[PDB]
There are 2 protein chains.
Amino acid sequence: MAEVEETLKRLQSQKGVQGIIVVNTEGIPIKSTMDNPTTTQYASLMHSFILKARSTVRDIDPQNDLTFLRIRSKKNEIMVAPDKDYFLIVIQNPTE
Amino acid sequence: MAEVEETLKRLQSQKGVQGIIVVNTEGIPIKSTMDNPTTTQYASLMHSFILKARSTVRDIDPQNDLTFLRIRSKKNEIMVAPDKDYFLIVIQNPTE
(Lines give C-alpha, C1' and ligand atoms only; values in the text may rest on other atoms or scores of the structure.)
Protein backbone atom coordinates (compact mmCIF):
# COMPACT_ATOMS: atom_id res chain seq x y z
CA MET A 1 0.00 0.00 0.00
CA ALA A 2 2.55 2.64 1.06
CA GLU A 3 5.07 1.28 -1.47
CA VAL A 4 2.37 1.57 -4.15
CA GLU A 5 2.05 5.31 -3.46
CA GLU A 6 5.82 5.65 -3.77
CA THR A 7 5.53 4.09 -7.23
CA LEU A 8 3.23 6.95 -8.29
CA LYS A 9 6.06 9.42 -7.59
CA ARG A 10 8.34 7.27 -9.77
CA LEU A 11 5.84 7.99 -12.55
CA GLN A 12 7.34 11.52 -12.62
CA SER A 13 9.77 9.92 -15.10
CA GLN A 14 12.20 12.86 -15.51
CA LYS A 15 10.53 16.09 -16.80
CA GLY A 16 8.08 15.25 -19.65
CA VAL A 17 5.36 15.88 -17.05
CA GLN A 18 2.19 16.76 -18.93
CA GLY A 19 0.28 16.52 -15.61
CA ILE A 20 -0.05 13.72 -13.02
CA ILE A 21 -3.44 12.89 -11.45
CA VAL A 22 -4.00 10.22 -8.78
CA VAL A 23 -7.67 9.11 -8.42
CA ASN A 24 -9.19 6.77 -5.87
CA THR A 25 -12.41 4.69 -6.00
CA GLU A 26 -14.20 8.00 -5.30
CA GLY A 27 -13.64 9.37 -8.83
CA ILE A 28 -12.21 12.53 -7.28
CA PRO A 29 -8.40 12.76 -7.55
CA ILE A 30 -6.76 12.13 -4.17
CA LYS A 31 -3.70 13.99 -5.52
CA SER A 32 -2.25 15.85 -8.50
CA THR A 33 0.72 17.90 -9.69
CA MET A 34 -1.62 20.08 -11.81
CA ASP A 35 -2.66 23.63 -10.88
CA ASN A 36 -6.32 22.66 -10.18
CA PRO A 37 -8.80 23.26 -13.01
CA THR A 38 -6.86 20.93 -15.31
CA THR A 39 -6.96 18.27 -12.57
CA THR A 40 -10.79 18.02 -12.49
CA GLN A 41 -11.38 18.72 -16.20
CA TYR A 42 -9.19 15.70 -17.01
CA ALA A 43 -9.85 13.62 -13.88
CA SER A 44 -13.65 13.75 -14.30
CA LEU A 45 -13.37 13.22 -18.05
CA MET A 46 -10.76 10.43 -17.75
CA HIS A 47 -12.50 8.81 -14.75
CA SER A 48 -15.67 8.11 -16.76
CA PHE A 49 -13.56 6.79 -19.67
CA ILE A 50 -11.41 4.45 -17.53
CA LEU A 51 -14.45 2.65 -16.06
CA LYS A 52 -15.57 1.97 -19.66
CA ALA A 53 -12.51 -0.28 -20.16
CA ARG A 54 -13.17 -2.46 -17.07
CA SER A 55 -16.90 -2.36 -17.95
CA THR A 56 -16.34 -3.11 -21.64
CA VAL A 57 -13.58 -5.59 -20.75
CA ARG A 58 -15.76 -7.59 -18.34
CA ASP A 59 -18.78 -7.38 -20.68
CA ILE A 60 -17.14 -9.84 -23.13
CA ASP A 61 -15.72 -12.36 -20.62
CA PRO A 62 -14.66 -12.53 -16.95
CA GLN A 63 -11.69 -14.71 -17.99
CA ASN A 64 -9.72 -11.57 -18.93
CA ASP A 65 -9.38 -8.12 -17.31
CA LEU A 66 -7.74 -4.71 -17.79
CA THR A 67 -4.18 -4.80 -16.42
CA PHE A 68 -3.05 -1.50 -17.99
CA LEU A 69 -3.91 1.06 -20.68
CA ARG A 70 -2.36 3.77 -22.87
CA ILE A 71 -4.10 5.98 -25.47
CA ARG A 72 -1.85 7.71 -28.05
CA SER A 73 -2.24 11.50 -28.49
CA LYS A 74 -0.61 14.12 -30.76
CA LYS A 75 -0.23 16.52 -27.79
CA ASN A 76 1.05 13.92 -25.25
CA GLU A 77 0.89 10.26 -24.19
CA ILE A 78 -2.30 9.20 -22.38
CA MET A 79 -1.98 6.32 -19.88
CA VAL A 80 -3.91 5.39 -16.71
CA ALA A 81 -3.11 2.18 -14.76
CA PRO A 82 -6.04 1.08 -12.57
CA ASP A 83 -4.53 -0.60 -9.50
CA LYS A 84 -6.21 -2.02 -6.35
CA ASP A 85 -8.18 0.67 -4.39
CA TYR A 86 -6.59 3.51 -6.41
CA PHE A 87 -5.87 4.33 -10.05
CA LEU A 88 -4.20 7.24 -11.84
CA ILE A 89 -3.80 8.97 -15.18
CA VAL A 90 -0.12 9.53 -15.93
CA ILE A 91 0.20 12.42 -18.38
CA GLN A 92 3.94 12.68 -19.24
CA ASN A 93 6.26 12.35 -22.28
CA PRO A 94 9.78 11.65 -23.58
CA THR A 95 10.14 15.26 -24.86
CA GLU A 96 9.84 13.63 -28.31
CA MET B 1 -5.37 2.93 -50.09
CA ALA B 2 -4.51 -0.49 -51.56
CA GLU B 3 -1.16 -0.48 -49.73
CA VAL B 4 -3.03 0.29 -46.50
CA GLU B 5 -5.08 -2.91 -46.91
CA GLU B 6 -1.86 -4.85 -47.44
CA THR B 7 -0.66 -3.50 -44.09
CA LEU B 8 -3.67 -5.15 -42.39
CA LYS B 9 -2.41 -8.55 -43.58
CA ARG B 10 1.00 -7.71 -42.08
CA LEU B 11 -0.87 -7.43 -38.78
CA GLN B 12 -1.06 -11.25 -38.87
CA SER B 13 2.31 -10.99 -37.08
CA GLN B 14 3.26 -14.70 -37.08
CA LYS B 15 0.71 -16.96 -35.28
CA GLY B 16 -0.43 -15.30 -32.00
CA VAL B 17 -3.68 -14.56 -33.88
CA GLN B 18 -6.40 -14.09 -31.29
CA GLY B 19 -8.71 -12.88 -34.10
CA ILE B 20 -8.38 -10.07 -36.69
CA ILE B 21 -11.35 -7.79 -37.50
CA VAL B 22 -11.28 -5.00 -40.12
CA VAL B 23 -14.09 -2.42 -39.69
CA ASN B 24 -15.00 0.49 -41.96
CA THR B 25 -16.88 3.73 -41.21
CA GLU B 26 -20.03 1.56 -41.32
CA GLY B 27 -19.33 -0.09 -37.94
CA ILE B 28 -19.80 -3.48 -39.60
CA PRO B 29 -16.50 -5.34 -40.19
CA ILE B 30 -15.55 -5.31 -43.88
CA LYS B 31 -13.37 -8.37 -43.16
CA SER B 32 -12.24 -10.82 -40.49
CA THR B 33 -10.25 -14.00 -39.89
CA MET B 34 -12.76 -15.07 -37.19
CA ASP B 35 -15.40 -17.77 -37.67
CA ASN B 36 -18.34 -15.30 -37.58
CA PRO B 37 -20.14 -14.91 -34.24
CA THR B 38 -16.92 -13.77 -32.56
CA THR B 39 -16.48 -11.18 -35.34
CA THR B 40 -19.74 -9.30 -34.57
CA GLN B 41 -19.71 -9.87 -30.79
CA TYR B 42 -16.32 -8.14 -30.65
CA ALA B 43 -16.71 -5.82 -33.66
CA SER B 44 -19.99 -4.32 -32.39
CA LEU B 45 -18.67 -4.15 -28.83
CA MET B 46 -15.26 -2.75 -29.86
CA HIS B 47 -16.77 -0.39 -32.47
CA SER B 48 -18.78 1.51 -29.83
CA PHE B 49 -15.71 1.64 -27.55
CA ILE B 50 -13.31 2.94 -30.24
CA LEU B 51 -15.53 5.94 -31.07
CA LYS B 52 -15.40 6.85 -27.36
CA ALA B 53 -11.64 7.53 -27.68
CA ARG B 54 -11.98 9.95 -30.64
CA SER B 55 -15.09 11.42 -28.95
CA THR B 56 -13.44 11.66 -25.52
CA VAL B 57 -10.16 12.75 -27.13
CA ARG B 58 -11.75 15.62 -29.10
CA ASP B 59 -13.95 16.61 -26.13
CA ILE B 60 -10.91 18.00 -24.24
CA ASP B 61 -9.15 19.78 -27.13
CA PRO B 62 -8.98 19.66 -30.95
CA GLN B 63 -5.21 20.29 -30.72
CA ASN B 64 -4.62 16.57 -30.08
CA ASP B 65 -6.18 13.40 -31.56
CA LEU B 66 -6.10 9.59 -31.29
CA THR B 67 -3.25 8.22 -33.42
CA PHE B 68 -3.33 4.67 -31.98
CA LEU B 69 -4.58 2.60 -29.04
CA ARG B 70 -3.90 -0.62 -27.11
CA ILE B 71 -5.79 -2.00 -24.08
CA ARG B 72 -3.98 -4.66 -21.99
CA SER B 73 -5.85 -7.92 -21.27
CA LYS B 74 -5.04 -11.11 -19.29
CA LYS B 75 -6.41 -13.28 -22.14
CA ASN B 76 -4.75 -11.36 -25.03
CA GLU B 77 -3.55 -7.94 -26.22
CA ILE B 78 -6.30 -5.52 -27.32
CA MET B 79 -5.34 -2.93 -29.97
CA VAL B 80 -7.34 -1.09 -32.67
CA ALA B 81 -5.70 1.55 -34.91
CA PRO B 82 -8.29 3.91 -36.45
CA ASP B 83 -6.93 4.94 -39.86
CA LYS B 84 -8.50 7.10 -42.62
CA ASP B 85 -11.82 5.62 -43.95
CA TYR B 86 -11.19 2.28 -42.19
CA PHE B 87 -10.09 1.04 -38.76
CA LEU B 88 -9.49 -2.39 -37.25
CA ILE B 89 -9.13 -4.30 -34.00
CA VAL B 90 -5.98 -6.43 -34.07
CA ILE B 91 -6.40 -9.28 -31.60
CA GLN B 92 -3.04 -11.18 -31.60
CA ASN B 93 -0.19 -12.03 -29.18
CA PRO B 94 3.48 -12.98 -28.75
CA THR B 95 2.54 -16.46 -27.39
CA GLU B 96 3.75 -15.03 -24.05
# chains A, B, ... in the order shown; residues from 1 in each chain; ligands from 1

$ interface_residues --of "chain A" --to "chain B" --cutoff "8 Å" --atoms "only C-alpha atoms" --output "number ranges by chain"
A: 42, 45, 49, 52-53, 56, 60, 63-76

$ residues_around --residues "residue 93 (chain B)" --least-positions-apart "6" --cutoff "9 Å" --atoms "only C-alpha atoms" --output "list in words"
residues 13, 15, 16, 17, 18, 76 and 77 of chain B

$ select_by_dssp --residues "chain B" --states "strand (DSSP E)" --output "list in words"
residues 19, 20, 21, 22, 23, 24, 29, 30, 31, 32, 69, 70, 71, 78, 79, 80, 81, 82, 86, 87, 88, 89, 90 and 91 of chain B

$ closest_residue --among "B:37, B:27, B:94, B:82" --to "residue 4 (chain B)" --atoms "only C-alpha atoms"
B:82

$ residues_around --residues "residue 39 (chain A)" --least-positions-apart "2" --cutoff "10 Å" --atoms "only C-alpha atoms" --output "list in words"
residues 19, 20, 21, 22, 28, 29, 31, 32, 33, 34, 35, 36, 37, 41, 42, 43, 44 and 45 of chain A

$ atom_distance --atom1 "CA of residue 24 (chain A)" --atom2 "CA of residue 95 (chain A)"
28.4 Å

$ closest_residue --among "A:8, A:51, A:30, A:2" --to "residue 90 (chain A)" --atoms "only C-alpha atoms"
A:8

$ atom_distance --atom1 "CA of residue 88 (chain B)" --atom2 "CA of residue 91 (chain A)"
25.9 Å

$ select_by_dssp --residues "chain A" --states "alpha helix (DSSP H)" --output "PyMOL selection string"
chain A and resi 2-10+37-60

$ atom_distance --atom1 "CA of residue 50 (chain A)" --atom2 "CA of residue 89 (chain A)"
9.2 Å
